[PDB]
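> You'll find my_file-v9.txt just under this line, and it carries compact mmCIF, N, CA and C atoms.
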# COMPACT_ATOMS: atom_id res chain seq x y z
N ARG P 199 48.79 48.42 115.61
CA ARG P 199 47.97 49.60 115.87
C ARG P 199 48.81 50.87 115.78
N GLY P 200 49.22 51.21 114.56
CA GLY P 200 49.90 52.46 114.33
C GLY P 200 49.11 53.63 114.87
N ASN P 201 49.62 54.21 115.95
CA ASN P 201 48.90 55.25 116.67
C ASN P 201 49.83 56.31 117.25
N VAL P 202 51.03 56.45 116.69
CA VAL P 202 52.02 57.39 117.19
C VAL P 202 52.23 58.48 116.15
N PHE P 203 52.88 59.57 116.57
CA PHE P 203 53.01 60.74 115.72
C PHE P 203 53.93 60.47 114.53
N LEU P 204 53.64 61.15 113.43
CA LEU P 204 54.41 61.02 112.19
C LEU P 204 55.32 62.24 112.05
N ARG P 205 56.62 61.99 111.90
CA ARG P 205 57.58 63.00 111.49
C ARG P 205 58.03 62.64 110.08
N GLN P 206 57.62 63.44 109.10
CA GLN P 206 57.85 63.15 107.70
C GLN P 206 58.61 64.30 107.05
N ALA P 207 59.50 63.95 106.13
CA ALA P 207 60.20 64.93 105.32
C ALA P 207 60.50 64.32 103.96
N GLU P 208 60.77 65.19 102.99
CA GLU P 208 61.16 64.78 101.65
C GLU P 208 62.57 65.28 101.39
N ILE P 209 63.46 64.37 101.01
CA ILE P 209 64.84 64.69 100.67
C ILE P 209 64.97 64.57 99.16
N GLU P 210 65.33 65.66 98.50
CA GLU P 210 65.66 65.66 97.09
C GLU P 210 67.14 65.99 96.93
N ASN P 211 67.61 65.94 95.69
CA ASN P 211 69.03 65.99 95.38
C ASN P 211 69.72 64.89 96.18
N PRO P 212 69.47 63.63 95.84
CA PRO P 212 70.03 62.51 96.62
C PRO P 212 71.52 62.30 96.41
N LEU P 213 72.05 61.21 96.96
CA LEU P 213 73.39 60.74 96.65
C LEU P 213 73.32 59.24 96.38
N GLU P 214 74.44 58.69 95.91
CA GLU P 214 74.48 57.27 95.56
C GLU P 214 74.20 56.42 96.79
N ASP P 215 73.38 55.38 96.59
CA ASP P 215 72.84 54.64 97.71
C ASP P 215 73.92 53.76 98.33
N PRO P 216 73.86 53.50 99.64
CA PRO P 216 74.89 52.64 100.25
C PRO P 216 74.98 51.25 99.64
N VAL P 217 73.86 50.58 99.41
CA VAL P 217 73.85 49.16 99.11
C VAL P 217 73.50 48.84 97.67
N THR P 218 73.14 49.83 96.86
CA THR P 218 72.91 49.62 95.43
C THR P 218 73.62 50.64 94.54
N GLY P 219 74.11 51.75 95.09
CA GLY P 219 74.68 52.81 94.30
C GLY P 219 73.67 53.69 93.61
N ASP P 220 72.38 53.49 93.88
CA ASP P 220 71.33 54.23 93.17
C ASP P 220 71.27 55.66 93.67
N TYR P 221 71.27 56.61 92.73
CA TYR P 221 71.22 58.03 93.04
C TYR P 221 69.75 58.46 93.13
N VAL P 222 69.07 57.91 94.14
CA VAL P 222 67.61 57.90 94.20
C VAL P 222 67.13 58.83 95.32
N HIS P 223 66.09 59.61 95.02
CA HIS P 223 65.52 60.52 96.00
C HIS P 223 64.85 59.74 97.12
N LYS P 224 64.86 60.33 98.31
CA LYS P 224 64.41 59.66 99.52
C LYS P 224 63.24 60.39 100.16
N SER P 225 62.63 59.73 101.14
CA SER P 225 61.59 60.33 101.96
C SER P 225 61.44 59.50 103.23
N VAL P 226 61.47 60.17 104.38
CA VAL P 226 61.40 59.49 105.67
C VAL P 226 59.97 59.57 106.19
N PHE P 227 59.45 58.44 106.67
CA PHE P 227 58.17 58.37 107.37
C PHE P 227 58.43 57.72 108.72
N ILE P 228 58.34 58.52 109.78
CA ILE P 228 58.85 58.14 111.09
C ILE P 228 57.67 57.95 112.03
N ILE P 229 57.50 56.73 112.53
CA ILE P 229 56.56 56.47 113.62
C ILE P 229 57.27 55.62 114.67
N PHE P 230 57.29 56.10 115.91
CA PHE P 230 58.03 55.45 116.99
C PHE P 230 57.11 55.03 118.13
N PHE P 231 57.32 53.81 118.62
CA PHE P 231 56.65 53.27 119.79
C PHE P 231 57.65 53.09 120.92
N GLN P 232 57.20 53.36 122.14
CA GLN P 232 58.03 53.21 123.33
C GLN P 232 57.97 51.80 123.92
N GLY P 233 57.14 50.92 123.36
CA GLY P 233 57.21 49.52 123.72
C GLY P 233 58.58 48.98 123.37
N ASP P 234 59.13 48.12 124.22
CA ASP P 234 60.49 47.63 123.99
C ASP P 234 60.49 46.43 123.05
N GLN P 235 59.67 45.42 123.36
CA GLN P 235 59.50 44.29 122.45
C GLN P 235 58.91 44.74 121.12
N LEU P 236 58.01 45.72 121.15
CA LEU P 236 57.50 46.29 119.90
C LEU P 236 58.62 46.97 119.13
N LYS P 237 59.50 47.67 119.84
CA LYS P 237 60.64 48.30 119.18
C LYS P 237 61.55 47.25 118.56
N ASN P 238 61.74 46.12 119.25
CA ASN P 238 62.58 45.05 118.72
C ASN P 238 61.98 44.44 117.46
N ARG P 239 60.68 44.13 117.49
CA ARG P 239 60.05 43.57 116.30
C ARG P 239 60.08 44.55 115.14
N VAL P 240 59.82 45.83 115.42
CA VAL P 240 59.87 46.84 114.37
C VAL P 240 61.27 46.93 113.79
N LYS P 241 62.28 46.89 114.65
CA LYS P 241 63.66 46.90 114.17
C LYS P 241 63.93 45.69 113.28
N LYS P 242 63.41 44.52 113.68
CA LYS P 242 63.62 43.31 112.89
C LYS P 242 63.05 43.46 111.49
N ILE P 243 61.77 43.82 111.39
CA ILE P 243 61.13 43.89 110.07
C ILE P 243 61.72 45.03 109.25
N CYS P 244 62.02 46.16 109.90
CA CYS P 244 62.55 47.32 109.20
C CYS P 244 63.94 47.05 108.64
N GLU P 245 64.81 46.43 109.45
CA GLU P 245 66.13 46.08 108.94
C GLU P 245 66.04 44.99 107.88
N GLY P 246 65.18 43.99 108.10
CA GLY P 246 65.09 42.89 107.15
C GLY P 246 64.61 43.32 105.78
N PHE P 247 63.60 44.19 105.73
CA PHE P 247 63.03 44.59 104.45
C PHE P 247 63.74 45.82 103.89
N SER X 3 51.99 70.89 117.26
CA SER X 3 50.86 70.00 117.03
C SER X 3 51.17 68.60 117.54
N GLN X 4 52.19 67.99 116.94
CA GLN X 4 52.60 66.64 117.34
C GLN X 4 53.49 66.69 118.57
N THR X 5 54.48 67.58 118.56
CA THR X 5 55.27 67.80 119.76
C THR X 5 54.41 68.29 120.91
N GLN X 6 53.23 68.85 120.64
CA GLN X 6 52.33 69.23 121.73
C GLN X 6 51.71 68.00 122.39
N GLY X 7 51.34 66.99 121.60
CA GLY X 7 50.94 65.73 122.20
C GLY X 7 52.09 65.07 122.94
N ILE X 8 53.31 65.25 122.44
CA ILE X 8 54.46 64.77 123.20
C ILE X 8 54.60 65.54 124.51
N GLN X 9 54.28 66.83 124.51
CA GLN X 9 54.27 67.58 125.77
C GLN X 9 53.19 67.07 126.71
N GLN X 10 52.06 66.61 126.17
CA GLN X 10 51.07 65.96 127.03
C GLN X 10 51.61 64.66 127.61
N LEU X 11 52.35 63.89 126.80
CA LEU X 11 53.03 62.71 127.33
C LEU X 11 53.99 63.10 128.45
N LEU X 12 54.71 64.21 128.26
CA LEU X 12 55.61 64.70 129.30
C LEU X 12 54.84 65.11 130.55
N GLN X 13 53.65 65.70 130.37
CA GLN X 13 52.81 66.03 131.52
C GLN X 13 52.48 64.79 132.31
N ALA X 14 52.09 63.72 131.62
CA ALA X 14 51.79 62.47 132.31
C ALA X 14 53.02 61.90 133.01
N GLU X 15 54.18 61.96 132.35
CA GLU X 15 55.39 61.43 132.96
C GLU X 15 55.81 62.26 134.17
N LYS X 16 55.61 63.58 134.11
CA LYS X 16 55.86 64.43 135.27
C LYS X 16 54.90 64.10 136.40
N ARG X 17 53.64 63.83 136.07
CA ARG X 17 52.68 63.44 137.11
C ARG X 17 53.11 62.14 137.77
N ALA X 18 53.59 61.18 136.98
CA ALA X 18 54.09 59.94 137.56
C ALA X 18 55.32 60.18 138.43
N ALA X 19 56.24 61.03 137.97
CA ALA X 19 57.42 61.34 138.77
C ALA X 19 57.02 62.02 140.08
N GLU X 20 56.02 62.89 140.03
CA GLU X 20 55.53 63.54 141.24
C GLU X 20 54.85 62.53 142.16
N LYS X 21 54.20 61.51 141.58
CA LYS X 21 53.65 60.45 142.41
C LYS X 21 54.76 59.66 143.11
N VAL X 22 55.86 59.41 142.40
CA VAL X 22 57.04 58.84 143.05
C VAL X 22 57.51 59.75 144.18
N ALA X 23 57.50 61.06 143.94
CA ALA X 23 57.92 62.01 144.97
C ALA X 23 57.03 61.91 146.20
N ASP X 24 55.71 61.89 145.99
CA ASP X 24 54.77 61.73 147.09
C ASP X 24 55.03 60.43 147.84
N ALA X 25 55.32 59.36 147.10
CA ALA X 25 55.52 58.06 147.72
C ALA X 25 56.80 58.04 148.56
N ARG X 26 57.91 58.55 148.03
CA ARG X 26 59.14 58.54 148.81
C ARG X 26 59.03 59.46 150.02
N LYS X 27 58.29 60.57 149.89
CA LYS X 27 57.98 61.38 151.06
C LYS X 27 57.23 60.56 152.09
N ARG X 28 56.21 59.82 151.65
CA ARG X 28 55.46 58.97 152.57
C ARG X 28 56.38 57.99 153.27
N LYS X 29 57.35 57.44 152.54
CA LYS X 29 58.21 56.42 153.14
C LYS X 29 59.09 57.03 154.22
N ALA X 30 59.65 58.21 153.94
CA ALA X 30 60.41 58.92 154.95
C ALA X 30 59.56 59.19 156.19
N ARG X 31 58.32 59.66 155.98
CA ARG X 31 57.41 59.89 157.10
C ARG X 31 57.15 58.61 157.88
N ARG X 32 56.95 57.51 157.16
CA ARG X 32 56.59 56.27 157.83
C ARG X 32 57.75 55.84 158.72
N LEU X 33 58.98 55.93 158.20
CA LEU X 33 60.15 55.53 159.00
C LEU X 33 60.32 56.41 160.24
N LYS X 34 60.12 57.72 160.10
CA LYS X 34 60.19 58.57 161.28
C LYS X 34 59.09 58.23 162.28
N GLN X 35 57.92 57.82 161.80
CA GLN X 35 56.89 57.35 162.71
C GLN X 35 57.35 56.07 163.41
N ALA X 36 58.14 55.25 162.72
CA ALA X 36 58.74 54.07 163.34
C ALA X 36 59.58 54.48 164.54
N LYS X 37 60.44 55.47 164.34
CA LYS X 37 61.29 55.93 165.44
C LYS X 37 60.44 56.51 166.57
N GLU X 38 59.42 57.31 166.23
CA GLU X 38 58.57 57.90 167.26
C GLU X 38 57.83 56.84 168.07
N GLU X 39 57.21 55.87 167.39
CA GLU X 39 56.46 54.83 168.09
C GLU X 39 57.37 53.99 168.97
N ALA X 40 58.54 53.61 168.46
CA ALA X 40 59.46 52.84 169.29
C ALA X 40 59.87 53.64 170.52
N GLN X 41 60.11 54.94 170.34
CA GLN X 41 60.47 55.78 171.48
C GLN X 41 59.34 55.83 172.50
N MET X 42 58.09 55.95 172.04
CA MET X 42 56.96 55.95 172.97
C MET X 42 56.88 54.63 173.73
N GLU X 43 56.96 53.52 173.02
CA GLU X 43 56.85 52.21 173.65
C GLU X 43 57.95 52.01 174.69
N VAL X 44 59.18 52.35 174.34
CA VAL X 44 60.28 52.10 175.27
C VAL X 44 60.27 53.11 176.40
N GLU X 45 59.70 54.30 176.17
CA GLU X 45 59.46 55.22 177.27
C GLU X 45 58.50 54.61 178.27
N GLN X 46 57.42 53.99 177.78
CA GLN X 46 56.50 53.30 178.68
C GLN X 46 57.22 52.21 179.45
N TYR X 47 58.03 51.42 178.75
CA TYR X 47 58.75 50.33 179.41
C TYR X 47 59.66 50.87 180.50
N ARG X 48 60.52 51.83 180.16
CA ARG X 48 61.43 52.40 181.14
C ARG X 48 60.67 52.94 182.34
N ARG X 49 59.58 53.66 182.09
CA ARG X 49 58.85 54.29 183.18
C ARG X 49 58.26 53.25 184.13
N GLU X 50 57.47 52.32 183.60
CA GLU X 50 56.81 51.34 184.47
C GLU X 50 57.82 50.45 185.16
N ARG X 51 58.89 50.08 184.45
CA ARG X 51 59.88 49.18 185.00
C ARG X 51 60.70 49.86 186.09
N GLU X 52 61.06 51.13 185.90
CA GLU X 52 61.75 51.83 186.97
C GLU X 52 60.83 52.11 188.14
N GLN X 53 59.53 52.29 187.88
CA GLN X 53 58.58 52.38 188.99
C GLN X 53 58.60 51.10 189.81
N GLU X 54 58.62 49.95 189.14
CA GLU X 54 58.67 48.70 189.89
C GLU X 54 60.01 48.52 190.59
N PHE X 55 61.09 49.02 189.99
CA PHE X 55 62.38 49.01 190.69
C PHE X 55 62.30 49.84 191.96
N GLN X 56 61.67 51.01 191.88
CA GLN X 56 61.43 51.83 193.06
C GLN X 56 60.67 51.05 194.13
N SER X 57 59.57 50.42 193.73
CA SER X 57 58.74 49.69 194.69
C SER X 57 59.52 48.54 195.32
N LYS X 58 60.25 47.77 194.51
CA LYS X 58 61.04 46.66 195.04
C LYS X 58 62.14 47.16 195.97
N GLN X 59 62.75 48.29 195.65
CA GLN X 59 63.79 48.84 196.52
C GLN X 59 63.22 49.22 197.88
What would the structure in this file look like if it were written as structure tokens?


Amino acid sequence: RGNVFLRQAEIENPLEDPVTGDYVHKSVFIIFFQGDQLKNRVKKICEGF
Amino acid sequence: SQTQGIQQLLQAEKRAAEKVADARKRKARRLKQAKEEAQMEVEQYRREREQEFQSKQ
């Protein structure tokens, strides 16, 4: 139930990527929950993918 | 806009903290009532018991 505020920005003029070296433009889509187990599961899927 | 809803979250958290404040105030009051009631009870004991000491003497 994504129901928290979105903090979004667009980053252009990138740099070489940490894990592929790709000089690829980025964009952050930030939604945070204060649930602790929810934070853990989100961390799991976010780090894994 | 969004940080304003976060300020509403802060309003709720402040209300909860103030409820903690009310509760700890209540606890302090309750303990002082403990001291007051015990003092009243033991005042009664001392008074009646010394009265009986007077009578026995």

> Just to confirm, what's the straight-line distance from atom N of residue 214 of chain P to atom CA of residue 237 of chain P in Å (one decimal)?

29.0 Å

> At what distance in Å, to one decimal, does atom CA of residue 11 of chain X lie from atom CA of residue 244 of chain P?

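Going from atom CA of residue 244 of chain P over to atom CA of residue 11 of chain X, I get 25.6 Å.
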
> With only C-alpha atoms considered, list every residue of chain X at most 9 Å from chain P, as a VMD selection string.

chain X and resid 4 to 5 7 to 8

> So which residues touch segment 220-230 of chain P within 10 Å, counting only C-alpha atoms, skipping near sequence neighbours fewer than 4 positions away, as a ChimeraX atom specification?

/P:200-216,236-237,240

> Distance atom C of residue 246 of chain P-atom N of residue 199 of chain P, one decimal place?

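Those two atoms sit 19.3 Å apart.
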
> Listed atoms of segment 18-37 of chain X, axis-aligned box, 8 Å per side: centre and edge lengths to one decimal in Å, as lines of an AutoDock Vina configuration file?


center_x = 57.4
center_y = 58.8
center_z = 151.8
size_x = 23.7
size_y = 25.5
size_z = 45.6

> Select from chain P everything DSSP, run on the backbone, classes as strand (DSSP E), then give the selection as a VMD selection string.

chain P and resid 204 to 209 224 to 229

> From a DSSP calculation on the backbone, collect every residue of chain P in alpha helix (DSSP H) and output the set as a ChimeraX atom specification.

/P:234-246

> So that I have them on file, write out the residues from the current selection with N, CA and C atoms, as a tab-separated table (two decimals), keeping the file's coordinate frame.


chain	number	residue	atom	x	y	z
P	234	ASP	N	59.13	48.12	124.22
P	234	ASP	CA	60.49	47.63	123.99
P	234	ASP	C	60.49	46.43	123.05
P	235	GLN	N	59.67	45.42	123.36
P	235	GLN	CA	59.50	44.29	122.45
P	235	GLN	C	58.91	44.74	121.12
P	236	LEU	N	58.01	45.72	121.15
P	236	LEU	CA	57.50	46.29	119.90
P	236	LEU	C	58.62	46.97	119.13
P	237	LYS	N	59.50	47.67	119.84
P	237	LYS	CA	60.64	48.30	119.18
P	237	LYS	C	61.55	47.25	118.56
P	238	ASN	N	61.74	46.12	119.25
P	238	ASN	CA	62.58	45.05	118.72
P	238	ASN	C	61.98	44.44	117.46
P	239	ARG	N	60.68	44.13	117.49
P	239	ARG	CA	60.05	43.57	116.30
P	239	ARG	C	60.08	44.55	115.14
P	240	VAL	N	59.82	45.83	115.42
P	240	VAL	CA	59.87	46.84	114.37
P	240	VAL	C	61.27	46.93	113.79
P	241	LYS	N	62.28	46.89	114.65
P	241	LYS	CA	63.66	46.90	114.17
P	241	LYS	C	63.93	45.69	113.28
P	242	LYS	N	63.41	44.52	113.68
P	242	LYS	CA	63.62	43.31	112.89
P	242	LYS	C	63.05	43.46	111.49
P	243	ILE	N	61.77	43.82	111.39
P	243	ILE	CA	61.13	43.89	110.07
P	243	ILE	C	61.72	45.03	109.25
P	244	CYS	N	62.02	46.16	109.90
P	244	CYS	CA	62.55	47.32	109.20
P	244	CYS	C	63.94	47.05	108.64
P	245	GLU	N	64.81	46.43	109.45
P	245	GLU	CA	66.13	46.08	108.94
P	245	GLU	C	66.04	44.99	107.88
P	246	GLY	N	65.18	43.99	108.10
P	246	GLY	CA	65.09	42.89	107.15
P	246	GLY	C	64.61	43.32	105.78
